[PDB]
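Colleague: Any chance you could fold what I've pasted below:
(9 chains)
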Amino acid sequence: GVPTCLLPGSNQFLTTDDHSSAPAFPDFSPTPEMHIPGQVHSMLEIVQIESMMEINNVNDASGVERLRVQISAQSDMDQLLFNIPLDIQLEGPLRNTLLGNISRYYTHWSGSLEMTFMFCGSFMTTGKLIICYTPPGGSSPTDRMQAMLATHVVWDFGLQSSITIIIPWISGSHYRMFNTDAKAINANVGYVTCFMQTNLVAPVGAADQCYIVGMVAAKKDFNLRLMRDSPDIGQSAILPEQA
Amino acid sequence: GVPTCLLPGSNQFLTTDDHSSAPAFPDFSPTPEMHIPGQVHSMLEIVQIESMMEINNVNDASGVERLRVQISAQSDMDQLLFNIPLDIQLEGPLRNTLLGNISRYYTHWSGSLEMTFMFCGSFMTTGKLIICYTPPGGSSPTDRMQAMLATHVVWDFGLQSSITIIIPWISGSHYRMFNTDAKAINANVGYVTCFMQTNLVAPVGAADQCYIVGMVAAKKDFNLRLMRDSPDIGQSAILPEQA
Amino acid sequence: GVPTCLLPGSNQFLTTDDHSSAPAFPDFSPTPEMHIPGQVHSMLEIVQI
Amino acid sequence: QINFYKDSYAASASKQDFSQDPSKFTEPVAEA
Amino acid sequence: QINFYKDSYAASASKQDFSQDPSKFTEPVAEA
Amino acid sequence: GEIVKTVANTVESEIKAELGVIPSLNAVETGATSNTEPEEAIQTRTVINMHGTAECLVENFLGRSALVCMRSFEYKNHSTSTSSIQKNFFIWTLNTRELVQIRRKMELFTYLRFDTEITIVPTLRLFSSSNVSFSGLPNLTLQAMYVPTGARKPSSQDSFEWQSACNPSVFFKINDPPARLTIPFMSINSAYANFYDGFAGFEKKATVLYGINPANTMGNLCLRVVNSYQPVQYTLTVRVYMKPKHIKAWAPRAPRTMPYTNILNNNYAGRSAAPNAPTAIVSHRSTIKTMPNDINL
Amino acid sequence: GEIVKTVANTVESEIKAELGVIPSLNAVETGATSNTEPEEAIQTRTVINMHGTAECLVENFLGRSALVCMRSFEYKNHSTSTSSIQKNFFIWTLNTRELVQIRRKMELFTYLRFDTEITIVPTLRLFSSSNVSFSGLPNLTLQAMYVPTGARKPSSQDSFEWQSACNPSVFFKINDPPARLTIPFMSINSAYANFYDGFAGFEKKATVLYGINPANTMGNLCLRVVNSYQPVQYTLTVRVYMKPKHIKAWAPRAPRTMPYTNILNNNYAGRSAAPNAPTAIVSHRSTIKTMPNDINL
Amino acid sequence: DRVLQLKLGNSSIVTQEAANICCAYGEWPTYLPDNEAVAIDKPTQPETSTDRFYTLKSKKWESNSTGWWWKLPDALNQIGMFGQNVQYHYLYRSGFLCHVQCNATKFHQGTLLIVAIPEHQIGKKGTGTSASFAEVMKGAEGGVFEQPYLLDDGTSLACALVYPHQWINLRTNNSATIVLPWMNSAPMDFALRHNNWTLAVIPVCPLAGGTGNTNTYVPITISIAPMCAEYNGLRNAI
Amino acid sequence: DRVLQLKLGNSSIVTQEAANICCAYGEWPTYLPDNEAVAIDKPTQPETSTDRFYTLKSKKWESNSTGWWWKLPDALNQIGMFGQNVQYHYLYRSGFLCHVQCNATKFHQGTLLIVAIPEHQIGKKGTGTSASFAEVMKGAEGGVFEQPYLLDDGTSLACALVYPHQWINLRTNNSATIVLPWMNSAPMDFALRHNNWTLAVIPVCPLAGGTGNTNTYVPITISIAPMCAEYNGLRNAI
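Modeller: Numbers count the residues shown, from 1 in each chain, chains lettered A, B, ... in the order given. The relevant structure is shown in the block below.
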C-alpha cells in the first residue's frame, strides 16, 4: 500500500477545521436559490449601520429614556452636558450597538468610528454644541477650554438635524483590545465629551427641555480580527421545551 | 511515508456512503446482460402510472368494494357524492397507491397530480359530475355553489369513459411535507370533492346504481426529495424460516 | 498532513485481496527462469483432457 | 465513479443514469 | 475549496466571497 | 427515452373553447395512463422548474446500505462432559427477506441485477453471569467465510473447513472499523428474481416448495470467533448490512401491503383491523363524504 | 458591490473653509447612515492600510463548529419485572436553539441557507454504583439514525426501526474519531428562517403555536448503543456539534439582549438588574457626566 | 381504433368493440437472438402449429365473482402442438398474445381488470405453508382468486396497474388484448415447473342489470396465442 | 428633496416635509419571475384595485406612548379588493409602500422611529407561553408595544436601525415613506397565517410643547399600498 505516517493532530476534532465530509443524503437536490433582499456577505456591512447608544445609562432612566440625552437651556456657560465611555468591551453606551454586539464576538479591532447626534427639539430651539474626542492619556475633560484642544466639531442646530464627529483611529498599534482592563494602553480609545458652545435657546411657546439621540457606527477602515464567544449571552442549562 | 491526519468521521460506517470496496471474488465473470422488458431507471416512472384510490374507505366496505364509489340517481340536486383526503402521508385513499407507497419512502414532494375517474355504469346511464379541487385554507366544501369557485372539471358521461382532473401544484413553498400533522401549511394539499352537475339518469332496463373508479398518478413535474423508511411495513422480530 | 478518512473494511484481512506487500528479502535475485515442459496457464486446459 | 481495484464490479455507485421512458408503462399501446 | 465526494454540498467552506454592498443598509434611499 | 435531470417545466396557456379537442377526457380501458397536461386542463403560467430527479433514481432508492441479517451467539466454552464441539460460530443462508424494509423495497421490482456491498458490524457484551466483574471487552478476531453451495460447512469453531483456501474469508477485529467487501452479481441468470412462480425441482412431491428460485441458491456466510474461548462469557452479535450497487431493475411491482410472516414464501395473515387488514388496507372514515382532518375555524 | 479584502485606505486632506459644503452635517431622518469621511471631518494623512476583512465574512463568522445538543442516557439493563423495553437510546429533535451562543449568532440574520456539518462526540463513564470496580471503558458501537419527519421512530434499543434501510444512519465507536457527516440544505423553502411571524397551521385554536415555522419541521436524530446491555452501568453523553457551510445570510437583525428561556419562542424574563435587564440593557453609571474608568494621575 | 382483427396462423379473431392492443412494457415478442442464446442445440420454430389462438374454457361472470387467473405456459401445456412441443422438449421460450372476451347488453354494467402479472407468486392467507403444486398448476382450467383485493398475495389490486393491463368496461369495451413478451431472467425455462405470466381477470365493478336484465348469463372467454415460440432439448415426452 | 408625491392607482399622497423614500434593502417590489415561480396555476394581477393606498385608523400620540405596530398583510386583509383577493385565494405575494403621517407645529418637539421589521416574532415578557393568535393578529387596528425598548422581543430598539427605517423628527419631517419588497424564503405565503413585515412606529423622544402648546392632539396615521400584488389558488372565501 501507500506508505503513511500519522502526524500529531490526526484523529482530533478541531471546531475550526475546514474539510469535506461524507454526504448523508446522496444526490440530494436542495431547494433552488431565490432572490431574497438584504443579503449579507460580511459583518463589516452591519457595524457600518448607525445604532443608538445608551448615553443616559443611569439608574433613574428606564427603557427608551436611556437612548436620549436630555438638554436644557443653561444659566451658566461652557458647561459639560454629557460624556460617552468608548469602552466597547465593558458595560457602556456603545455595548448595546451593532458595532458593540458584533465586535464583541471579536477580540481585536481597528479603524475609525463615527458618532452621529440628532437633535430632537423644536424648530424654534436653536443652539450650538461642541463635541470633542480626547485621545487617551489622562483624565476625561470637564472644561471646554481643554476639550477643544482635542478633536472636536462644533454643531449648530438647523434644517440639518444631525452632526457626525469622526473618532479617528489614533493608536500606536495596528489594533486595539477588547480587554477586561479599561485603562490598558492596548484597549482604551479615549473620551467623547459634549459641551455647550453658546447655549440652548427656545422661545416661550416651545419646550425648554430637549433630547439628543446619539448613534455610533464603523467606517470603511474598520477591522475586527480575533473571534471569541460573546460575553453578552449566557447559559446555565440546556434550554428546555418549556420554561 | 506520506504525512496524514485522520479527520473526524474516519473509521465510521455511514449507510449512505459511496466508495469502492474490496472484491471478494477476484476476476469474477458475471452472467451476461440480457434484455428484459420493463427496465426502470427512476421511481418517477412508477408514480406516473395510474392506480386506484380507496375512496370508499368505510367500515361497511370490504375488499374491492373500497375501490369503487357508488353513484345513484338523486331525488335532490347539487348534492355532494364523495370526497378524497389528499393526505398521502396519513391513512387515506391515496395511501394504497403507487404514488402513495413510493412517495412514502420520501419526506418532501412537489408537483401536479392527476385524478382519473372512470364511469362503470351502463351505456344507457348518462350524467354530469363536477369534480372540484379546493386549495387549503378552510373547510372542505359541502355545497356545489362554493366548490365550483375552485379548480374543477365538469364530467359528462359518454363514449369516453373517463375524466382527468389535474390537481395543480399550488403551494407557497417549493416542496410540501409528508408530515404527521395533516393541518400544517407545509403538508396539506387541499380537498377533492365531487358533486352532481345535473343527475344520474338510467332507463328502467338499466341499473339505477352505478360505480365510479378513481385512480391517481403523478405528472412529469412531480418530484420527491428526502428519503425515509416507509411507515407502511413493520417488523418486531427477525422473520423466521417457519411462521 | 494529507486529510484522510478510514473506510469500513480498512484494517481487515480478506483472503482474496490483491495488493503489493513488503519484500522481506530486499534486492533478492530469484533463480533464472527456465523452460520446463507442460506449462499450464488455465485450469480449462486440464478439464479438456 | 471511482475504483481502486482491478474488478469493475468493485467500483462505487453509478448514479449518472437520468434516462426515463414512462411510456413503457403509461402508453404501452400499439396505436398512438 | 476541496471535495472528495460526488455531492457539491459535501464540499469544504467557500470563504472567497469578499463582496460588500453596505449601501443596501446605509443608503437605502431612492434619491441620492 | 429522454434525459430527465429536472422535472418538466410548465408552459403558459390561454382560454380555449375548441371543438373536437377533449384533453381531459380519455379511455382508461386501453391500459394507458392519462396524458392530460396541466396546461390544457387549467390556465397555467410559465414555470421554469429546476427541481432535480437524482434522488428517485433506482441506484439511489435501492443503493443504500440496509440490514439484511442479525445473528448472535454465545462466545464461551461449549464443551461438556460428553462433547468437545465448540460452537462460537453461526451460519447464515444469504437472503434479503429476513428484514422487511429492504425486502419490500426490492420486491417493488420483479428482477434486479446488482453487485452488492456487505458491511459486517460486530458488537460484544459481557453476559450477566451469577458473579462476573465487567472486566472489559476483548478485541477478538472474527472470521467471516463465504461458503458457496455444495462446499462443506464448518460444524465447529475448531473445524478445518475454516482454512478458506478457496472460500473467500475476511478476518476482522471488534475494535477495527467494520468489515466490508463487494460481492458481485452471481445469479446463474441475468438477474435476481424476487418472485418465482414455479418450483425449483423436477419432481412433483410436496417437498418441492413453491416460490423457491433455483438461481437464488445463493450460498452461505459462516462467521466464527477465531480466538478460542475465554474463561468467561460474551454475547457476540453480528449485524450484516447490504448495499446494492450498479442496480438494474425491471418490471415494477404492486407494493406489499400485508406483513411478511416468513422468508420461504409471501403468505400473509394480515392485521386484525385496518390499516393493512386483508379486507381493509387503508384505515376507515365514517362516510365517503367525511373529512377526518377537516379544517375547522 | 465592490470587492473588499482590505479595509479602506485613508487619503490626505488639507484645510477647508468652503461655503455650501457641510459634510459633517446630515439627515438621519432619511434612514441613511452618515456618509461623512474622516478625510473631510479632520485633516488626515495618507495611510495605506493592508488589514484584511476575511475574518468578518459570514462564512467565517458562522462557519464554526458549535454545540447544538448534548444528551445523556444510562446504558444499562432497563428491563424490569414488568417491561422488557431497552432504553439505551435518545431521540433529539433537531434545532439550533438549545444552546445560546450558536442560537444568537444565527438569529443575527432573518434567513440563512447553509449546508451543515454535524460532528458527534460520544463520551462514556462508569456510574458510581454501590459497589463497582472501575473496570475500564468499553469500545461500544453507537448508531446515530436520522429519522425524517413522518417516518416511524424507534421506541426501544432493540426496535427494528434501526435497520436504517432508507434512513441515513452512521455507526461509530467510542474510541474512534468522532463521527462526522454533512447534512445539505433541506428547507422546503429557499432558506431557513430563524424567526417566523405566523402560525404553522391552518386552524385558529390555541394548540397552533406562534413562531413555529412549518419549513423548520427538520426531523430527528435517534442515537443508540448498538451493543446490548453490559452487566454494569455506564452514562453515555453525546455532544453534537454543528458547522454551517456555504452560508448565505439575509436581513441582519437586532441582536438578542435578553436571555433565552426556551426553544419554542423568543420570550424573555430578563435580569433582575442591569446589565441585560428589561428596563436596563447596559449597566449603570452615576451620571451622564461620570467616567466609570476615568484615568487618574 | 376500436375495430381490430388478429390473424395468427389458422386463427383469426375479430372484435368491433376493442380498446386497443396493450404491448406489455412496449415490447413485441421476438425470437431469441444469437448473442443472447445459451443452448447450443438447434431450436425448432414451428411458426404456425404453435403460434395460433388457443381458446380456453369460458368462465361464468356472477354478480359475486372474485376473479380468475390463468398461468402461462401452464394453461397451454396440453393444448395442441404447443403442448406437444413442450412435452417433447426440455426447454421453452415464447411470448403470448392474450385476448379476453366478455359481451353484455348496453343495459348491463360491469368492469373487468385484465392484468398480466410477471412472476405472480401466489401467497396464501392464514397459513405459513407454501402453495401446493395442485393449487398453483391448474392448466387450461385456471384458478380463482380467493383475495382479488390483494391479488392472492400481500400486494394490492389498486396498485395492480403497474402490470400490463386492460379493462373491459361494458360501456366501452367487450374485448381486451395484451401482448406479452418473453419475461424472464433466463433465455429459456422449463415450462412444466415455472410460469412467467399470470393472466388475471378481476371484476372491480360487479356485473349488474336493471329490471329484467338481472342474472344474465355472461361468460368470460380467454384466447391465448403463443408468439415466436421455440423449443429445445428434444427428448421423450414428459 | 423634501416635497414628494406618491401616485398609486386611484390614490395620490403629497407631502411637503419628507425626508426621502426608504427602499428596504435597496429593492423595489417586482412581480414574481417565471424562473422563481412554484405555483403553476395562472396568477391574477389586479394592478389598480389592490395596488393603491389604504389609509388605516389614526393613533393618538401621547406624551407617554410606547409605540404601535401594524403587521402586514394582516393589516390589509379585510380592506378593499386586496382583502377580497386574499380571502378568495390560497396564495399571496406583494410588496408594500408604507407612508406614516404625523404633523405638529414648529413649537412642538418629538421623534418617531418608523421601522419595518421582517419576520418580527413577538416575544412576550414574564411567561413561557407563546403569543396567542388574538394578541398577534389585530388587523387594521394594529398593536401597541409593551416593551418598545426591546421591540416586544429580546432584542433592542437601539439596534433596530438594521431594519429599513425612517424617522419623523418634527423639526425636519412630518412623513416617512418605506418601500417594502417581498421578504420571504418562499415565493408566496398564506396571508392569513403569516406576516412578513411589521411596521413599527415608536416614539424615541416624547411629544412635548411649551406653555400653551402642551397636550396638543397629534394623531399618527398609517397609509399602506400593496405593490405588485398577485394571488393564487383561487377558491371560496375564507
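Colleague: The residue in the stretch 51-200 of chain F that chain C sits nearest to: neighbour count?
Modeller: Proximity to chain C, evaluated over the stretch 51-200 of chain F using Cβ to the nearest Cβ, is greatest for residue F:180 at 3.0 Å. (C-beta placed from N, C-alpha, C; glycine too.) By other Cβ atoms under 10 Å in any protein chain shown, the residues close to residue F:180 number 26.
Colleague: Is any residue of the host helix or strand of it near chain D?
Modeller: Assigned by DSSP states H and E, residue F:180 belongs to strand F:179-183. Yes: Strand F:179-183 reaches chain D (Cβ under 8 Å from any Cβ of the partner chain) through residue F:182.
Colleague: What is the subsequent helix or strand relative to that strand?
Modeller: Tracing the chain C-terminally past strand F:179-183 and defining elements by DSSP H and E, one meets strand F:192-193 next.
Colleague: Start and end of stretch F:74-87, how far apart?
Modeller: By Cα to Cα, to the nearest Å, the extent of stretch F:74-87 from end to end equals 8 Å.
Colleague: from the stretch 101-250 of chain F, which residue is nearest to chain I?
Modeller: Closest contact between the stretch 101-250 of chain F and chain I, by Cβ to the nearest Cβ, is at residue F:108 (29.1 Å).
Colleague: quick one: contacts for that residue?
Modeller: B:46, B:102, F:252, F:253, F:255 (Cβ atoms under 8 Å, 6 or more residues apart in numbering or on different chains).
Colleague: Of those residues, which belong to strands?
Modeller: residue F:252 (DSSP state E).
Colleague: Report the two of the contacts of residue F:108 separated the most.
Modeller: Spanning the widest gap among the contacts of residue F:108 are B:102 and F:253, at 10.8 Å by Cβ to Cβ.
Colleague: Can you report how many residues lie near residue F:142?
Modeller: If you count neighbours by other Cβ under 10 Å, residue F:142 ends up with 24.
Colleague: Can you report how many residues lie near the residue in chain D that chain E sits nearest to?
Modeller: Nearest residue of chain D to chain E: residue D:15, at 7.2 Å (Cβ to the nearest Cβ). Under the neighbour criterion other Cβ under 10 Å, residue D:15 is assigned a count of 20.
Colleague: Same question for residue H:88.
Modeller: By other Cβ under 10 Å, neighbour count at residue H:88 equals 15.
Colleague: ok, it - contacts?
Modeller: Taking Cβ under 8 Å, 6+ apart as the definition, contacts of residue H:88 comprise H:231, H:234, H:235, H:236, H:237, H:238.
Colleague: From chain I, how far out is the fifth one?
Modeller: Read that as residue H:237. Per Cβ to the nearest Cβ, to the nearest Å, residue H:237 is found 64 Å from chain I.
Colleague: Before we go further, that residue is sitting in a strand, right?
Modeller: No: per DSSP: H, G, I helix; E, B strand; the rest coil, residue H:237 lies outside any strand segment and is coil.
Colleague: what residues are up against it?
Modeller: H:84, H:87, H:88.
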